[PDB]
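Student: Let me begin by handing over the structure; questions about it come next.
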């Protein structure tokens with residue numbers, strides 16, 4: 001139309017871009033703590 | 048108003064006829080106010096079903112924007128409140144328990160009196176329509192949180208309190224806002240607390256037969272009848288998660304209603320489980336396998352029952 | 355919670371917002387292409403499909419902490435799910451992690 005949308009995809013880019021923030025943030029956080037934990041595994045097993 | 052006030056201490060002789068055709072324009076107020084109440088009756092009873100997502104019939108929108116058409120004739124409303132009864136807008140076979148109303152002094156009395164009585168008429172007619180439309184074979188019994196009849200006190204409660212959500216969210220910025228001071232706020236509060244208590248009803252069943260389940264086995268010993276342990280505590284968990292389950296059907300709109308129903312039902316439940324949990328938490332090495340919640344975690348459940 | 359609470363989640367009360375007429379004034383001329391109806395033709399299933407995106411991504415996320423790392427250093431186990439070497443005994447490690 002566009003609209004793009006009908007709130008609910010513009011305002012569910014409040015979902016979609018922010019579900020992309022839950023996803024990109026999820027990879028961010030798991031990336032962080034996983035990276036530092038494995039860093040504390042070469043610390044914790046090797047070192 | 049301008050002419051009967053105009054300048055006095057003088058001969059004024061059509062003033063009687065001013066009071067007579069002005070007595071007919073207070074039959075235009077009077078007829079417009081019995082028209083207001085009967086307007087609520089017929090214009091409300093127009094609809095027959097609670098809505099799809101159970102919202103608000105826009106006959107109520109008509110009723111409140113109808114009231115803001117009663118708003119900005121304000122000073123003519125003030126003089127228009129002259130010398131006329133509460134029963135000059137009443138279908139006389141009513142009861143006053145229908146009306147959250149608890150003087151005869153000025154027109155500011157009949158201001159909040161009259162308009163808040165009109166929203167009481169909105170309450171009784173909407174309430175009646177729900178009482179019909181859910182149990183279509185029964186007598187509509189009204190204003191009754193202690194009803195032994197309704198099965199939809201939560202549902203009717205959220206319906207009606209969305210209607211009042213509308214009503215105070217037009218008295219939000221109205222002149223009625225600045226008109227109906229003092230009592231009429233508290234009239235609206237009692238109006239709320241009815242349907243609030245409808246949404247506390249089966250929680251009062253849970254607490255009711257919980258502490259009754261304390262009462263009937265308050266006779267003998269410690270619970271070697273461990274069917275009483277898992278009776279009170281299991282069935283308490285059963286009805287508790289039933290109530291949390293049917294709490295999920297409704298999602299509130301006033302934040303102060305969230306605070307209201309929240310702290311109401313917290314204050315309903317908690318001390319029972321405090322003295323009762325803490326009374327009977329001495330029965331196993333794992334009460335866990337019989338008794339589930341703390342008051343801490345149950346409190347937390349209630350505090351995220353209200354997202 | 356809110357995003358599920360807009361699908362059926364009224365989203366008609368939002369239509370009731372301007373369908374208070376914004377009175378005053380008198381109209382009541384609400385001709386919004388109402389609204390965001392919406393989504394019942396599979397875009398609701400696109401929404402729940404995205405939610406499967408989320409809980410799925412958490413499922414593979416913490417499911418990466420199922421291997422310990424399979425017993426041992428597969429430590430950089432960032433990707434991906436395989437290799438069920440089932441030497442369950444012993445410590446070093448069922449741990450994960």
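Residue numbers (my numbering), protein chains in the order written: chain U, 1 to 47; chain V, 48 to 354; chain A, 355 to 451. In this text, a Cβ means the ideal position worked out from N, Cα and C, and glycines have one as well.
Name the residue from A:386, A:368 and A:419 whose alpha carbon lies nearest to the alpha carbon of residue 33 (chain U).
Tutor: Minimum Cα distance to residue 33 (chain U) is reached at A:419.
Student: Applying the criterion that 16 or more other CB atoms from any shown protein chain within 10 Å of the CB defines a buried residue, is residue 102 (chain V) buried or exposed?
Tutor: Classification of residue 102 (chain V): buried, given that the 10 Å Cβ count is 16 or more.
Student: Check whether the segment 304–316 of chain V and the segment 249–258 of chain V touch, using three or more Cβ-Cβ pairs below 8 angstroms as the test.
Tutor: Enough Cβ pairs lie closer than 8 angstroms, so yes.
Student: Whether or not the segment 51–65 of chain V and the segment 104–124 of chain V are in contact is what I'm after, with contact meaning three or more pairs of Cβ atoms, one per stretch, closer than 8 angstroms; do they touch?
Tutor: Touching, no, given that fewer than three Cβ pairs across the two stretches are closer than 8 angstroms.
Student: Quick one: list the residues of chain A neighbouring residue 41 (chain U), beta-carbon separation under 7 angstroms, in chain order.
Tutor: Result: 429.
Student: Looking only at its chain, what residues have a beta carbon closer than 8 angstroms to the beta carbon of residue 328 (chain V), apart from the 5 residues adjacent to it on each side?
Tutor: Once the five neighbours on either side are set aside, the close Cβ partners of residue 328 (chain V) are 334 and 338.
Student: Quick one: which chain V residues come within Cβ less than 7 angstroms of residue 364 (chain A)?
Tutor: Per Cβ cutoff of 7 angstroms: 100 and 102.
Student: I'd like to know whether the C-beta of residue 442 (chain A) is nearer than 8 angstroms to at least one C-beta of chain V.
Tutor: Chain V contact via Cβ: absent.
Student: Assuming residue 401 (chain A) and residue 12 (chain U) form a contact by the criterion Cβ under 8 angstroms, report the distance between their Cβ atoms to the nearest whole angstrom.
Tutor: About 7 angstroms separates the two Cβ atoms, so the contact holds.
Student: When DSSP labels each residue in this structure, what does residue 101 (chain V) get in the three-state scheme?
Tutor: Coil.
Student: Report, in whole angstroms, the separation of the C-beta atoms of residue 294 (chain V) and residue 352 (chain V), which I expect to be a contact under 8 angstroms.
Tutor: Going by Cβ atoms, the distance from residue 294 (chain V) to residue 352 (chain V) rounds to 6 angstroms, so yes, they are a contact pair.
Student: If we count Cβ pairs, one from each stretch, closer than 8 angstroms, do we get three or more for the segment 235–246 of chain V versus the segment 201–217 of chain V?
Tutor: With a cut-off of 8 angstroms, the segment 201–217 of chain V and the segment 235–246 of chain V count as touching, because enough Cβ pairs lie within range.
Student: Return helix, strand or coil for residue 250 (chain V), following the three-state DSSP convention.
Tutor: In the structure shown, residue 250 (chain V) sits in a helix (DSSP, three-state: H, G or I).
Student: If the criterion is Cβ atoms closer than 8 angstroms, does the pair residue 210 (chain V) and residue 173 (chain V) meet it?
Tutor: Cβ distance < 8 angstroms, so residue 210 (chain V) and residue 173 (chain V) count as in contact.
Student: Got a sec: is the Cβ-Cβ distance from residue 355 (chain A) to anything in chain V below 8 angstroms?
Tutor: Closer than 8 angstroms to some Cβ of chain V, the Cβ of residue 355 (chain A) qualifies, so yes.
Student: Would residue 437 (chain A) and residue 424 (chain A) qualify as a contact pair, given that the criterion is a beta-carbon distance under 8 angstroms?
Tutor: Yes, the Cβ-Cβ distance between residue 437 (chain A) and residue 424 (chain A) is below 8 angstroms.
Student: Restricting to Cα atoms, I'd like to know which of V:323, V:236 and V:167 is closest to residue 137 (chain V).
Tutor: Among V:323, V:236 and V:167, the Cα nearest to that of residue 137 (chain V) is on V:167.
Student: Which whole-angstrom value describes the C-beta separation of residue 48 (chain V) and residue 126 (chain V), a residue pair presumed to lie in contact below a C-beta threshold of 8 angstroms?
Tutor: So it is a contact: roughly 4 angstroms between Cβ atoms.
Student: In this structure, does DSSP put residue 336 (chain V) in helix, strand or coil?
Tutor: The answer is helix: DSSP assigns residue 336 (chain V) an H, G or I state.
Student: Residue 356 (chain A): which of V:142, V:284, V:140 and V:300 sits nearest, CA to CA?
Tutor: Of V:142, V:284, V:140 and V:300, the residue nearest in Cα terms is V:300.
Student: Does DSSP put residue 306 (chain V) in a helix, in a strand, or in coil?
Tutor: The answer is helix: DSSP assigns residue 306 (chain V) an H, G or I state.
Student: Could you pull the start and end residues of the alpha helix (DSSP H) that residue 62 (chain V) belongs to?
Tutor: Its alpha helix (DSSP H) spans residues 62–92.
Student: Taking only beta carbons into account, state which residues of the segment 395–409 of chain A come closer than 9 angstroms to chain U, listed in chain order.
Tutor: Under the 9 angstroms Cβ criterion, the segment 395–409 of chain A contributes 397, 400, 401, 404, 405, 407 and 408.
Student: Taking the alpha-carbon positions, what's the residue 391 (chain A) to residue 68 (chain V) distance?
Tutor: Roughly 53 angstroms separates the two Cα atoms.
Student: Use the C-beta contact count for residue 212 (chain V): other C-beta atoms within 10 angstroms, 16 or more gives buried, fewer gives exposed.
Tutor: Buried: at least 16 other Cβ atoms inside 10 Å.
Student: Got a sec? Which residues, its chain only, sit under 8 angstroms from residue 120 (chain V) by beta carbon, not counting five neighbours each side?
Tutor: 127.
Student: What are the start and end residues of the alpha helix (DSSP H) that includes residue 201 (chain V)?
Tutor: Counting along the chain, the alpha helix (DSSP H) containing residue 201 (chain V) begins and ends at 200–215.
Student: By alpha-carbon positions, which one of A:381, A:360 and A:389 ends up nearest to residue 108 (chain V)?
Tutor: Minimum Cα distance to residue 108 (chain V) is reached at A:381.
Student: Please state whether DSSP places residue 375 (chain A) in a helix, a strand or coil.
Tutor: Coil at residue 375 (chain A), not helix or strand.
Student: Between the Cα of residue 414 (chain A) and those of U:46, U:23 and U:16, spot the shortest distance and give me the residue it belongs to.
Tutor: Nearest of U:46, U:23 and U:16 to residue 414 (chain A), Cα basis: U:23.
Student: Once the 5 residues before and after residue 429 (chain A) are set aside, which same chain residues still bring their CB inside 8 angstroms of it?
Tutor: The answer, listed in chain order, is 423.
Student: Taking C-beta pairs closer than 7 angstroms, name the residues in chain B that residue 22 (chain U) reaches, listed in chain order.
Tutor: Although the question refers to chain B, the structure presented lacks it and instead comprises the protein chains U, V and A.
Student: Can you tell me the Cα-Cα spacing of residue 241 (chain V) and residue 29 (chain U), whole angstroms?
Tutor: Cα to Cα, residue 241 (chain V) sits roughly 48 angstroms from residue 29 (chain U).
Student: Can you list, in chain order, the residues of its chain with a C-beta nearer than 6 angstroms to that of residue 170 (chain V)? Leave out the 5 residues immediately preceding and following it.
Tutor: Same-chain partners within the cutoff: 238.
Student: Once DSSP output is grouped into helix, strand and coil, what is the label at residue 190 (chain V)?
Tutor: Note: residue 190 (chain V) maps to coil in three-state DSSP.
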